[PDB]
**Student:** 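Can you keep this structure in mind? I'll have questions shortly.
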There are 4 protein chains.
Amino acid sequence: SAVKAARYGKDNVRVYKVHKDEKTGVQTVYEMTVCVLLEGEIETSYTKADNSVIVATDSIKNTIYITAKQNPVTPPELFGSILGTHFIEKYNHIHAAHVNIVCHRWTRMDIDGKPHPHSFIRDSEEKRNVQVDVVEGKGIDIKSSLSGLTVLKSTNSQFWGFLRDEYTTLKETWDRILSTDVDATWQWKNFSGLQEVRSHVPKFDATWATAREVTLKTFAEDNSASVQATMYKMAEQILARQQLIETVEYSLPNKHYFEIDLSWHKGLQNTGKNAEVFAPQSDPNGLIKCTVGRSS
Amino acid sequence: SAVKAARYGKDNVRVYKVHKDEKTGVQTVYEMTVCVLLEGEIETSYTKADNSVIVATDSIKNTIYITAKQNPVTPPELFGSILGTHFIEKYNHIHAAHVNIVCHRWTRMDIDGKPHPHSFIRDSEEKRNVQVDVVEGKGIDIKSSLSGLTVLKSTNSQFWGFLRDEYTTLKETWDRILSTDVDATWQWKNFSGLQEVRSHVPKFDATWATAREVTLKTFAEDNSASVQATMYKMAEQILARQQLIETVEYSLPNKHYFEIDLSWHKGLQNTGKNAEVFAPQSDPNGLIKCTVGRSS
Amino acid sequence: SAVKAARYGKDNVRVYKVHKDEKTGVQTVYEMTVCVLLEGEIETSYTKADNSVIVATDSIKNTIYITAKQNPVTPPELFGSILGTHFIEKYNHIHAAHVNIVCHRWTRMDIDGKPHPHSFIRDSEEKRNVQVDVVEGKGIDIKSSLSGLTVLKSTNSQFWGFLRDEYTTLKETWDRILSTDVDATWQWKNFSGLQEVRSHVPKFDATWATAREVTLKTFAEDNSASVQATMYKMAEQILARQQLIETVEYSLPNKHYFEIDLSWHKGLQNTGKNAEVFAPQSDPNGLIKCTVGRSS
Amino acid sequence: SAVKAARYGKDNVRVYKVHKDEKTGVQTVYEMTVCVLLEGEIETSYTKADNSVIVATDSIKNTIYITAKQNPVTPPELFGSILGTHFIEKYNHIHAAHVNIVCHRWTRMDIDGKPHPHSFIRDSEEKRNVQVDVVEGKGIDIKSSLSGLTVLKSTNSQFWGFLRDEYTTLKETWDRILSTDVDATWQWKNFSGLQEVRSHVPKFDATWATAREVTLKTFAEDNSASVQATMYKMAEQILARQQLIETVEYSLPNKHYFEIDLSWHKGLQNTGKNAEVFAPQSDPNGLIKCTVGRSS
Ligand SMILES: O=c1[nH]c(=O)c2nn[nH]c2[nH]1
Ligand SMILES: O=c1[nH]c(=O)c2nn[nH]c2[nH]1
Ligand SMILES: O=c1[nH]c(=O)c2nn[nH]c2[nH]1
Ligand SMILES: O=c1[nH]c(=O)c2nn[nH]c2[nH]1
Ligand SMILES: [Kr]
Ligand SMILES: [Kr]
Ligand SMILES: [Kr]
Ligand SMILES: [Kr]
Ligand SMILES: [Kr]
Ligand SMILES: [Kr]
Ligand SMILES: [Kr]
Ligand SMILES: [Kr]
Ligand SMILES: [Kr]
Ligand SMILES: [Kr]
Ligand SMILES: [Kr]
Ligand SMILES: [Kr]
Ligand code: NA
Ligand code: NA
Ligand code: NA
Ligand code: NA
């Protein structure tokens, strides 16, 4: 036998950082969960009990905290790039660092219509994420995403004209509920290293904001033919707005809301145009995925 | 042996309802999870296999949907009261109905600064809940709550002057992080029946909004001596603002954010006044509870 | 305003303990999650910012670990009783201690048919729990439970003869699936204090084993008329077998498995006697509860 | 813009099947969760609102149930292969089917030492899984796995001789707790189609049983130098025992159990040889991964 692939490190490292403006009193907080996995000349830790090649996972955890102390933690694309670059530069035998960051929302509270200097609310479980792959001699591959953005529209969704055969029971509809949890990922052009990531820093927050705005406005305004057709419109608009993105990927559940026929009970009309009360379905769910890139 | 207590019914009944203004095109959505448990002369279903006394749980589920079709689902205090009253009135041998409702957030989207007529976002996992106990001959007992309201303040929290003995290691602090998930419950005066609940309908949404506003403003502005002292201030303000509330209860975790001593590493200063990077603790957590009522 | 009730402490305290027989090499592990909440003359921590009456939650956490070091952690009824008694005896102004323990399974591995001396498997998420209320001058109230015991039987469950009216759609059945997650609680006679709990120590493990055995054998062998009728049989048998139990409570979901009519597809027969493939329903679920005590 | 990748289908399809031996009365149950995602000439559903190329996700769900009615659901490698083959054969324009199956445990109950004919227990949340990729013209790629197998050993784990630099605080240890949740995957040789999968049917259950037995025995008996070194031993043994496996992958968290220094309290000794009480850590966790194949 031989090791064909290996990576190891620390997962689920919770990190908070505060910035304090001593002049204004305004404080700003950042909270994330971090995973760092390393690759390199480590096969003998697996095959020969050679721990000399292991940077302990506990040490990786200490390094995450030290890196957060000494560097900006925002945008997360930069933090990830700094952290991954640290490992491949510090350790000769470490050749790749895989950094995953989940950013948790801490939105400043408005109290009596004024932003509060040091109080925050978790206004949803929506996340901003990065996957940063720092590979010695191959640069830095960044995927940026938003996830857990839960939305519903009560009309202006349709689904008709699909294939009908002996496996088909679904009725065509010209007016349904559409609800999803948005997972949207944009894949950056390969960066040569940390300097090139630093040169694009303003683009990270701006592209996240664009992706979010395009997703919400497209969902709200598209008279949707299908999840497929609506998600493609979001992806093509994000690509048009950031030339430094190669691809946009959506992964969208179709969280079904079923009509309830109540006609058995006193002739109550609760279907088609009279549909008022629905049964949200926990499972199963449609799952629709696309990766969109630029045409030849 | 004998049955000392019994209740049975349907849990985890997901319900959506849409209101459509045909004149403006504006649609409004409501989504909840409902549990209805019945009590009454049902002991023989347990002791004698006598199913004649059972209103099937499936029938209870149908009744929830039919009730939502025929009645307002808001405020949830009213919906619960209607649903519970239905069971004790319809079935001679059913003497109590216990209705628990969790309301899920569907906040109207603003698109290009204008409220969208039929698109919604789940802006957090914060819930609005009710527990409605409809008891034949004893009226309607309502507890209203907000839950899952996750907040953090980065300063203006203290914890000193607590008991110190041979079990104590905790350092006194004059400046810490305070973060919690707010569970706040207000217990209404007993209502004689559904008519009295209907007579107070406007008070339900207003008291929820007051409870939420008092919680946020008190959390943000109190230079907190303890979770205990801050939560008591919230409870006393809500009681002062709604005479139809008998008690206010808070249940608050103290979600600890620990300082990280980095002085072992190149003399980095990250404690006390220099504390910037913290380790959020998933467990354990403080848990602080109060029920506040009006003084003799 | 005034404090009507208050309790505070530490929740989600994870504890592991190992016993090592130095003579045989056999090691035995115990793992739990502990919550301790205290009550007493603590209202001024809430009303006056008086932290002098607070035994810090951090100190409560230290005390749990110290208590586990100095005392047996099994049976959990004893551990809870020791821990709660410690707080009301040590602190004059603490008058009650509420101790909740969840015990996690670590079952010794059999390797090549021989019990391994120091290797363990989590053979399910079933828990053994206690709720121990130690109240100064009123003794020790213990509820013992098993929870998360997930079972299914594929026949020998029925449900017919229930009430049928204009809300009823459910078909009577003489052969269905029954599946549940068992939550069973036995309430002990009040104990005068820790000495009386110690005097009954062997009864705790034996009564848990009896409750589990009665639940499994009754579920497997009862040709069930209803969840109600089967759970009552379990409760009455446990009461008959331990005179030191006052009540037995079950809380049982009816985790529905729905037939799937496939007759629309090539006349496939998959209902009634031909039912082979079913759709397990995640929600809603029946919820059936009983408390059984001894007859007058 | 253009579609670079697309797949869509139904996720979280819960399926139960019962086998009834009419001669012995013995019933056997199977329960799974299924996801089927299709690929093919479907880009115009995304780009042109052309639903004619969509096999509705609802139809995919019906097909899963119909396939379970007409075919064995065990081993899951076979079921997945049948289901995926159905889609690429039935629909000319569908060129790949991605089938993921999670199998839930329903272990026959022993009542008074005899196997019960129709009663079952969920004896843990451990899963048996498959990922079956059926690709028109490229055959069937199967990954088989076990997951959620939670184990702990109380000694005979070590971790010393790792890299020590200015980021390192971890103490070397010659005797620690090791606990993990096992995720083990074996990748089969490519199969040409469904006939070749059928020709290997007995190997699927046998290889799962081998993987499980090797994992447990290796964990229990290895005096472990590291997670890395122990997992490699498991992988090399599974490869040696099934020539039809190309690779074995483990993904293992190191679920840390920390010593608790109690020496501040009455000089209690609870570290090193005297360590009895530990604090299980929920996060962070080490995460160790290997893919092992056969040497050149
Ligand atoms: O938007 C949709 N896409 C699909 O592919 C589909 N299948 N069923 N319903 C559906 N809705
Ligand atoms: O606000 C607090 N209350 C307490 O009771 C406590 N105990 N430790 N820390 C604490 N913080
Ligand atoms: O066992 C059952 N009890 C009930 O009360 C019930 N209601 N629907 N199905 C049921 N099954
Ligand atoms: O088994 C281990 N492997 C590692 O890579 C490691 N790092 N810290 N502790 C560890 N334990
Ligand atoms: Kr952070
Ligand atoms: Kr969408
Ligand atoms: Kr963008
Ligand atoms: Kr609703
Ligand atoms: Kr608070
Ligand atoms: Kr209020
Ligand atoms: Kr323990
Ligand atoms: Kr039961
Ligand atoms: Kr018992
Ligand atoms: Kr199945
Ligand atoms: Kr391991
Ligand atoms: Kr194997
Ligand atoms: Na390197
Ligand atoms: Na009645
Ligand atoms: Na006392
Ligand atoms: Na095809």
Side-chain angles (χ1 to χ4, degrees), chain A residues 6-11 36-38 42 45-46 49-63, chain C residues 13-19 28-34 64-65 67-69 71-76 78-80 83 101-104 106 128, chain D residues 38-42 53 55 84-97 134-138 154 157-164 167-173 176-180 222 224-232 252-258 260 276-281 284-290:
Chain A
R7 62 182 63 183
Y8 85 97
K10 198 73 100 195
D11 198 0
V36 174
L37 305 177
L38 304 185
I42 63 168
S45 60
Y46 295 88
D50 181 19
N51 292 332
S52 78
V53 300
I54 300 176
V55 176
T57 72
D58 189 79
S59 303
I60 295 171
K61 177 189 66 175
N62 292 339
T63 305
Chain C
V13 179
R14 299 188 64 188
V15 187
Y16 164 107
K17 189 176 188 193
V18 59
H19 177 268
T28 304
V29 296
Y30 304 92
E31 183 173 334
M32 44 175 181
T33 307
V34 180
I64 294 165
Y65 291 126
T67 306
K69 175 65 176 177
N71 298 276
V73 292
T74 192
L78 175 61
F79 184 62
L83 187 52
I101 305 176
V102 175
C103 300
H104 306 291
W106 282 128
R128 176 176 174 182
Chain D
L38 304 185
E39 297 186 64
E41 301 171 56
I42 63 168
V53 300
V55 176
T85 295
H86 163 76
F87 288 104
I88 64 155
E89 286 190 349
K90 175 66 184 174
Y91 301 102
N92 281 356
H93 74 297
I94 298 296
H95 302 313
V134 181
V135 178
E136 198 170 346
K138 305 289 211 329
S154 53
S157 175
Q158 307 185 40
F159 192 63
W160 53 265
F162 48 90
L163 187 150
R164 309 189 67 84
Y167 295 91
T168 310
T169 59
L170 181 63
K171 292 184 290 99
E172 297 186 310
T173 185
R176 67 178 185 172
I177 296 159
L178 178 61
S179 181
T180 194
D222 197 38
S224 173
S226 67
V227 175
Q228 291 85 334
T230 300
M231 72 202 300
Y232 183 84
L252 297 181
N254 192 1
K255 304 172 81 187
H256 305 296
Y257 285 64
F258 287 180
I260 306 170
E276 283 179 280
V277 178
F278 291 73
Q281 303 297 295
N285 59 275
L287 177 57
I288 319 300
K289 302 181 180 278
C290 202

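What's counted below: heavy atoms across the whole structure, side chains too, no hydrogens, waters or symmetry copies. Numbering of ligands and ligand atoms starts at 1, following listing order. Below, chains carry the letters A, B, ... as their sequence lines are ordered, and counting in each starts from 1.
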**Student:** Just to confirm my numbers, could you give the angle made at the Na ion (ligand 20) by O of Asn92(D) and OE1 of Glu136(D), rounded to 10°?
**Tutor:** 100°

**Student:** Could you label the plane-to-plane angle of the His93(D) and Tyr91(D) rings as parallel, tilted or perpendicular, counting under 30° as parallel and over 60° as perpendicular?
**Tutor:** perpendicular

**Student:** Sequence neighbours excluded, which residues qualify as ring pair (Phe, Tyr, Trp, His ring centres under 6.0 Å) partners of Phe278(D)?
**Tutor:** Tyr16(C)

**Student:** Using modelled atom types and a 3.5 Å cut-off, is there a donor and acceptor pairing between side-chain atoms of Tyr30(C) and backbone atoms of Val15(C)?
**Tutor:** no

**Student:** For a quick check under 3.5 Å, do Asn62(A) and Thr169(D) share a side-chain donor-acceptor pair by atom type?
**Tutor:** yes

**Student:** Can you name the nearest heavy-atom pair linking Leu287(D) to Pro253(D), along with the distance?
**Tutor:** CD1-N, 4.1 Å

**Student:** Contacts table for ligand 4: protein N or O within a distance under 3.5 Å of ligand N or O, distances only.
**Tutor:**
unit_1, atom_1, unit_2, atom_2, d
ligand 4, 1 (O), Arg176(D), NH2, 2.8
ligand 4, 1 (O), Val227(D), N, 2.9
ligand 4, 3 (N), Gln228(D), OE1, 3.0
ligand 4, 5 (O), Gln228(D), NE2, 2.8
ligand 4, 7 (N), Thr57(A), N, 2.8
ligand 4, 7 (N), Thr57(A), OG1, 3.2
ligand 4, 8 (N), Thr57(A), N, 3.4
ligand 4, 8 (N), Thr57(A), OG1, 3.2
ligand 4, 11 (N), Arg176(D), NH1, 3.0
ligand 4, 11 (N), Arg176(D), NH2, 3.4
ligand 4, 11 (N), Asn254(D), ND2, 3.3

**Student:** Between O of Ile88(D) and O of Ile94(D), what angle is found at the Na ion (ligand 20), rounded to 10 degrees?
**Tutor:** 100°

**Student:** Do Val227(D) and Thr180(D) touch side chain to side chain, with heavy atoms closer than 4.5 Å?
**Tutor:** no

**Student:** Just by modelled atom types, is the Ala68(C) backbone N or O under 3.5 Å from a matching donor or acceptor in the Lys17(C) side chain?
**Tutor:** yes

